[PDB]
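Data first, discussion second: the structure below is written as C-alpha cells.
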Amino acid sequence: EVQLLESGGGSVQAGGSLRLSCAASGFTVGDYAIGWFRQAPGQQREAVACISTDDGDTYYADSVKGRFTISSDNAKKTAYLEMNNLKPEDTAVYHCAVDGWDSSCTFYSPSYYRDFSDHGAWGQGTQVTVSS
Amino acid sequence: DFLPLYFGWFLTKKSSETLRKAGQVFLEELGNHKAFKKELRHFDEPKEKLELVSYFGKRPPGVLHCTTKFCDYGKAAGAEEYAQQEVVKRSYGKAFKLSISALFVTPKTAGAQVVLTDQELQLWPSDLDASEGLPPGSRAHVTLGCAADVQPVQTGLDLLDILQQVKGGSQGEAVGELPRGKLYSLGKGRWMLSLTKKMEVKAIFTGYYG
C-alpha cells in the first residue's frame, strides 16, 4: 500500500529554513529512491533532490546545492530535505516522489520524465512559500 | 507539445550496468574465443592484434536505451503524430521490462537484441523511410558499443542485417559456445551470442531531453 506521508513545510521568509519530511510506505528498503520535486504554479516540475536507499548517493539541482540537503533514515523509510537560505524564487508546492522501479536517481534527472504513479508514488503537496 | 529528443525505453541504472558488464564480458570472451581468433582476419601490423573491449570501447555513457521514435523535439519525421498516440502518452514515464534475447558483435557495431512484448510493440513506430521479411520490432535493439567512425543507428541496422542471415538459416550452427549462451558466426565479424537465458532488463518508456 504505497503512500507518502509528507510534511514539514509551510510559509517562511527569505533566508529562512524549512524541513520537508516524507515518510514513504509500501516499498522495500534499498530498491526505492525518495526525492522531492518542486513545481511552482505555472512552471514545469524540477527535481530538487533525491537520495537512493541503495547507493546512498544524492542528487541536487544546481540552484539548491549547498542550500538544501536530502537525507534518508532508511530504517524508518523516511527522507528529509534540509532547506536553507530559502529564496522567494523557491516558492512552489514541493512533492515527495519515490521511484520504486529504479532505486537510482536516474529518472529524477531533468533529462527524462518518470510518471511516479506507475512504480512509485507522487506526493500531493507540501506547500513552501518564501516571503519578503 | 512537450516532445523529447527521442522516445524509447531507458534501462535502469542497475540493469543498464548489468547489461554493460555482461556486454563487456561478452566482448572479452569472444575476443579470446578460438574460432573468433580463427576468423580474426575477417573482422598494418598486429601491434594491438585485436581487443574487442577496446575495438568498440567508445560507447555513449549513461543508461542504455532501445529507441522507439526519434523526435528531435517537435515533429521531426512524424514525431508529433507518434506522441499523439494514446498508447505513447499513457506509457510515457511508465515502467516496462525488456528482454535481451541475444547479444552480438559486428565489425561496425555491437549491441543486444530486444524482443519487445505485444504491449511494448504498440509504441514501436513503423516509420523511418534488411527489414524485409522480418517481423515488427526486429529493429528493437540496445547499442552496446561502436568502433569509432561507425556513427549511426548501425547497431539496429546490423542487428536486423544479422537477423536476415538467420532468416535464411545462415546461423552457421554453434560455431562454439561462450558462458551464459551459445555462439554463431555468419559473415565478416557477424558473430552472435544466442543467450540460453533471456537477459530481462528493467526500463522506463520516457523520452530524453538535452
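Chain labels run A, B, ... following the order of the C-alpha cells; each chain numbers its residues from 1, and ligands are numbered from 1 in the order shown.
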Could you please select, counting only C-alpha atoms, the residues of chain B within 12 Å of chain A and state them as a PyMOL selection string? chain B and resi 2-17+62-64+89-97+201-210
When you look at residue A:65 with a cut-off of 10 Å (counting only C-alpha atoms), what residues show up, excluding the ones that are within fewer than 5 positions of it in the same chain? I need them as number ranges by chain. A: 48-49, 59-60, 83
Restricting it to N, CA, C and O atoms, dump the selection as a compact mmCIF listing (two decimals), in the first residue's frame.
# COMPACT_ATOMS: atom_id res chain seq x y z
N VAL A 48 14.21 18.67 -7.04
CA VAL A 48 15.00 19.42 -6.07
C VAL A 48 16.15 18.56 -5.56
O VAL A 48 17.28 19.03 -5.42
N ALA A 49 15.87 17.29 -5.27
CA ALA A 49 16.89 16.36 -4.81
C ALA A 49 16.27 14.97 -4.73
O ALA A 49 15.05 14.80 -4.81
N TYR A 59 21.38 13.46 -5.38
CA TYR A 59 21.42 14.42 -6.47
C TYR A 59 20.80 15.72 -6.00
O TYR A 59 19.94 15.74 -5.12
N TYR A 60 21.26 16.82 -6.59
CA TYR A 60 20.72 18.14 -6.30
C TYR A 60 20.69 18.96 -7.58
O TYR A 60 21.64 18.92 -8.36
N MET A 83 16.13 22.36 3.89
CA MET A 83 16.16 23.56 3.06
C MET A 83 16.67 24.75 3.87
O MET A 83 16.22 24.98 5.00
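Between atom CA of residue A:108 and atom CA of residue A:45 there is a distance of 10.5 Å.
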For stretch 134-144 of chain B: contacts at 7 Å, only C-alpha atoms, fewer than 5 positions along chain excluded, given as a VMD selection string: chain B and resid 23 59 64 to 66 110 to 116 121 124 155 to 156 159 to 160
Strand (DSSP E or B) residues, from DSSP on the backbone, in chain B, as a tab-separated table (two decimals) with C-alpha atoms, in the first residue's frame:
chain	number	residue	atom	x	y	z
B	6	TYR	CA	13.58	10.66	-28.85
B	7	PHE	CA	11.09	8.22	-27.32
B	8	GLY	CA	12.36	4.92	-26.00
B	9	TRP	CA	12.77	2.54	-23.10
B	10	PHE	CA	15.65	3.69	-20.89
B	11	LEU	CA	17.06	0.91	-18.72
B	65	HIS	CA	18.10	2.53	-24.24
B	66	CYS	CA	16.05	0.96	-27.03
B	67	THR	CA	14.81	3.92	-29.07
B	68	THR	CA	11.27	3.75	-30.41
B	69	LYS	CA	10.97	7.12	-32.16
B	70	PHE	CA	13.49	9.90	-32.77
B	94	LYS	CA	5.70	4.16	-17.04
B	95	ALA	CA	7.78	1.07	-16.25
B	96	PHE	CA	8.48	-1.75	-18.71
B	97	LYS	CA	10.64	-4.88	-18.85
B	98	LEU	CA	12.68	-5.52	-21.99
B	99	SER	CA	14.02	-8.96	-22.93
B	100	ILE	CA	17.53	-9.30	-24.36
B	101	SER	CA	17.31	-12.42	-26.50
B	102	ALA	CA	20.91	-12.35	-27.70
B	103	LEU	CA	23.97	-10.13	-27.68
B	104	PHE	CA	26.03	-9.69	-30.84
B	105	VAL	CA	29.13	-8.12	-32.33
B	109	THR	CA	28.89	-2.14	-34.07
B	110	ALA	CA	27.88	-4.23	-31.04
B	111	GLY	CA	24.53	-4.39	-29.27
B	112	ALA	CA	21.71	-6.51	-27.92
B	113	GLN	CA	18.56	-7.99	-29.44
B	114	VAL	CA	15.43	-6.75	-27.65
B	141	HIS	CA	17.99	-3.27	-30.06
B	142	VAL	CA	20.29	-1.66	-27.49
B	143	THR	CA	23.58	-0.30	-28.81
B	144	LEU	CA	26.37	-1.54	-26.55
B	145	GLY	CA	29.37	-0.20	-28.47
B	146	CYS	CA	30.52	1.32	-31.77
B	176	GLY	CA	31.22	-22.54	-30.46
B	181	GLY	CA	24.85	-18.54	-24.06
B	182	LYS	CA	25.71	-20.11	-27.40
B	183	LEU	CA	27.80	-18.72	-30.25
B	184	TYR	CA	27.36	-18.44	-34.01
B	185	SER	CA	29.05	-16.73	-36.95
B	191	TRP	CA	29.16	-13.13	-34.63
B	192	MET	CA	26.13	-13.63	-32.39
B	193	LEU	CA	25.73	-14.91	-28.82
B	194	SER	CA	22.33	-16.58	-28.50
B	195	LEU	CA	21.76	-16.30	-24.76
B	196	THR	CA	20.45	-19.58	-23.39
B	197	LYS	CA	18.63	-17.46	-20.79
B	198	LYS	CA	16.93	-14.23	-21.83
B	199	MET	CA	18.60	-11.25	-20.15
B	200	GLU	CA	15.45	-9.49	-18.97
B	201	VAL	CA	16.14	-5.83	-18.17
B	202	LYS	CA	14.05	-3.16	-16.45
B	203	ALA	CA	13.42	0.10	-18.30
B	204	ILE	CA	11.05	3.06	-18.46
B	205	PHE	CA	9.30	4.35	-21.58
B	206	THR	CA	10.09	8.05	-21.32
B	207	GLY	CA	11.94	10.47	-23.59
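Atom CA of residue B:26 is positioned 8.9 Å from atom CA of residue B:53.
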For residue A:127, list every protein, DNA or RNA residue within 10 Å, evaluated using only C-alpha atoms, and leave out those in the same chain fewer than 4 positions away; present the list as an MDAnalysis selection string. chainID A and resid 7:11 20 38:40 91:95
Write out the residues from the selection above, keeping N, CA and C atoms, as a CSV table (one decimal), in the first residue's frame.
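So the final result, stored in again_39.csv, reads:
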chain,number,residue,atom,x,y,z
A,7,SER,N,5.4,16.2,4.9
A,7,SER,CA,5.1,17.2,5.9
A,7,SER,C,6.3,18.2,6.0
A,8,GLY,N,6.3,19.0,7.1
A,8,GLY,CA,7.4,19.8,7.4
A,8,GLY,C,7.6,21.2,6.7
A,9,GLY,N,6.7,21.5,5.8
A,9,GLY,CA,6.8,22.8,5.1
A,9,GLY,C,5.9,23.9,5.6
A,10,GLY,N,5.7,24.9,4.8
A,10,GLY,CA,4.8,26.0,5.1
A,10,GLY,C,5.4,27.3,4.7
A,11,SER,N,4.9,28.4,5.3
A,11,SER,CA,5.3,29.7,4.9
A,11,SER,C,6.6,30.1,5.7
A,20,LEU,N,11.3,19.6,4.8
A,20,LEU,CA,10.3,18.7,4.3
A,20,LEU,C,10.6,17.3,4.6
A,38,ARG,N,9.8,20.2,-6.9
A,38,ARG,CA,9.1,21.4,-6.7
A,38,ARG,C,8.5,21.9,-8.0
A,39,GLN,N,7.2,22.1,-8.1
A,39,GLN,CA,6.5,22.6,-9.3
A,39,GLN,C,5.8,23.9,-9.0
A,40,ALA,N,6.5,25.0,-9.2
A,40,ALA,CA,5.8,26.3,-8.9
A,40,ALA,C,4.6,26.4,-9.8
A,91,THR,N,9.6,29.3,-4.0
A,91,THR,CA,8.2,29.1,-3.6
A,91,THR,C,7.6,28.2,-4.7
A,92,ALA,N,7.0,27.1,-4.2
A,92,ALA,CA,6.3,26.1,-5.0
A,92,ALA,C,5.7,25.1,-4.1
A,93,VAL,N,4.9,24.2,-4.7
A,93,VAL,CA,4.3,23.1,-4.0
A,93,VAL,C,5.2,21.9,-4.2
A,94,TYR,N,6.1,21.7,-3.2
A,94,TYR,CA,7.1,20.6,-3.2
A,94,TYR,C,6.3,19.2,-3.1
A,95,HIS,N,6.8,18.2,-3.9
A,95,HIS,CA,6.1,17.0,-3.9
A,95,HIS,C,7.1,15.9,-3.7
For residue A:90, the closest of A:122, A:32, A:37, A:27 counting only C-alpha atoms is A:37
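Atom CA of residue B:168 lies 28.1 Å from atom CA of residue B:123.
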Return as a count of residues only the full set of residues in stretch 28-173 of chain B whose backbone-based DSSP assignment is alpha helix (DSSP H). 43
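Take the candidates A:128, A:23, A:18, A:34 and check each one against residue A:6 using only C-alpha atoms; the shortest distance goes to A:23.
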